[PDB]
Every structure is written in structure tokens, then in C-alpha cells.
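Below you'll find the structure, written out as C-alpha cells, and then a few comments.
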Amino acid sequence: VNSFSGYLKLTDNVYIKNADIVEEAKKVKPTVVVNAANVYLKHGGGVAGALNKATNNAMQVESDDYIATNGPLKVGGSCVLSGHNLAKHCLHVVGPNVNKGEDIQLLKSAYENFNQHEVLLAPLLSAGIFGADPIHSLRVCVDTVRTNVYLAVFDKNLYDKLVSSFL
Ligand SMILES: OC[C@H](Cc1ccc(I)cc1)Nc1ncnc2[nH]ccc12
Ligand SMILES: [Cl-]
């Protein structure tokens with residue numbers, strides 16, 4: 003039993019809700035919140051910009067030190083950093099950004115990072131400003147993640163289509 007509330011159950015391990023991940027993380031304070039990151043950990047817009055703003059830029063400060071030490075992530079890769087005031091940990095995961103011409107096949111690799119954590123609050127990878135088809139992202143999530151994932155979906159209208167078309 004966990005403290006997530008109001009989610010629709012899609013499969014044995016995937017749950018979905020129309021919600022603002024910033025507000026959800028502040029309420030639940032989950033062990034792991036997933037950020038829709040880029041390889042440079044520049045949290046400018048989308049989920050990343052919103053999560054970073056909610057940390058008063060502490061996420062960006064920590065991320066800049068991470069990159070200065072380690073260099074950029076790989077597309078499809080991840081790193082674990084602090085969750086600041088939002089969660090215990092933040093798993094920064096880089097899905098492919100179609101608006102940069104990146105290979106959508108890397109979306110499965112991106113979701114594989116979730117399997118290293120028993121329970122996660124997460125957005126749909128490569129959706130929103132990353133330019134992939136969200137119906138595809140949900141399908142890859144369900145077919146790749148085996149741990150317990152609570153998906154927040156920003157747009158109330160978007161959410162209804164994913165549910166109604168969910169196979
Ligand atoms: O897949 C991630 C999703 C992308 C998306 C945005 C808008 C439309 I229209 C269609 C897709 N963005 C978010 N999901 C959950 N919480 C969020 N907080 C801030 C942004 C955000
Ligand atoms: Cl977005």
C-alpha cells in the first residue's frame with residue numbers, strides 16, 4: 003500500500019492520472035520522481051522547467067555540478083540526484099527528443115531506467131515538448147516498465163484519449 007490517490011489502473015503495475023507532477027510530488031513526497039531531462043540537465047521548459055522552478059532552482063544548481071564532473075548523459079540514459087523539496091530522489095531520464103531528430107527507438111531504453119526503482123512518480127517520456135506520440139509513449143511504458151509506475155498527465159484533455167484508446 004502506498005499514498006498515491008485517484009489513479010486509474012491500466013495493468014498490474016502501471017497507473018495513470020490527469021495531474022500536475024509538481025503538485026503531485028509535493029503532496030505525495032514520493033521516494034522517486036522522474037524528470038523529463040535532456041543530456042545537459044538544462045531544466046528550461048516542460049516538466050523539467052516546472053520541477054526545477056518548484057525547487058527554487060536548487061535542482062539546476064545541483065545538475066550543473068553533476069555535468070561539470072561527469073559530462074552529459076546519453077539519450078536513453080539517466081542519473082539519480084536529489085529530489086529536493088519534491089521527493090527523496092529525482093531520477094533524471096533522457097527520452098529521445100523528436101524535435102532534435104533523435105531515434106524514437108531509444109524510448110524503450112529510457113523507460114528501462116525505471117526498472118531500477120520499485121515505485122516511481124513519472125511523466126510520459128518523450129511526450130509534450132519532446133515531440134513524440136504520447137499514445138506510443140504510454141504503450142512503450144506499459145511494455146517496458148515492470149516496477150510500479152504512477153503516471154501524471156499534465157493535460158486533462160490528453161489523458162482522456164490515452165485511457166479511451168488504451169489497449
Ligand atoms: O509527457 C510529459 C507532459 C507532456 C505534454 C504536455 C502538454 C501536452 I498538450 C501534451 C504532452 N508534460 C507534463 N506532464 C506532467 N506534468 C507536467 N508538469 C509540467 C509539464 C508536465
Ligand atoms: Cl512538456
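For the sequence shown, the entry's author numbering assigns the number 3 to the initial residue and increments by one for each residue that follows. All C-beta atoms in this analysis are idealised placements derived from N, C-alpha and C, irrespective of residue type, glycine included.
task = With residue 112 as the anchor, note down where its alpha helix (DSSP H) starts and where it stops.
result = For residue 112, the enclosing alpha helix (DSSP H) stretches over residues 108-114.
key: Rounded straight-line distance, which links the Cα of residue 57 to that of residue 66   = Cα-Cα distance, rounded: 14 Å.
ask   = Do residue 156 and ligand 1 come close, with the Cβ less than 7 Å from some heavy atom?
value = Within the cutoff, so yes.
task = May I ask whether a heavy atom of ligand 1 can be found less than 7 Å away from the beta carbon of residue 164?
result = For ligand 1, not one heavy atom lies less than 7 Å from the Cβ of residue 164.
query = Listed in chain order, which residues are found with a beta carbon closer than 5 Å to a heavy atom of ligand 2?
reply = So the residues near ligand 2 by this Cβ test are 48, 130, 131.
message = According to DSSP, is residue 166 part of a helix, a strand, or is it coil?
response = The answer is helix: DSSP assigns residue 166 an H, G or I state.
request  = Measure the alpha-carbon distance for residue 165 versus residue 90 and round it to whole angstroms.
outcome  = Cα-Cα distance, rounded: 29 Å.
message = Alpha carbons only, please: which of 87, 86, 79 is nearest the one belonging to residue 99?
response = Ranking the options by Cα distance to residue 99, first place goes to 79.
task = Between the Cα of residue 59 and those of 32, 29, 87, spot the shortest distance and give me the residue it belongs to.
result = For residue 59, the nearest C-alpha among the options comes from 87.
task = Return yes when the C-beta of residue 136 is under 7 Å from any heavy atom of ligand 1, and no when it is not.
result = Within the cutoff, so yes.
Residues that DSSP places opposite residue 125 in a beta bridge = Residue 125 pairs with 154.
Terminal residues of the beta strand (DSSP E) in which residue 84 lies = Residue 84 -> beta strand (DSSP E) spans 80-84.
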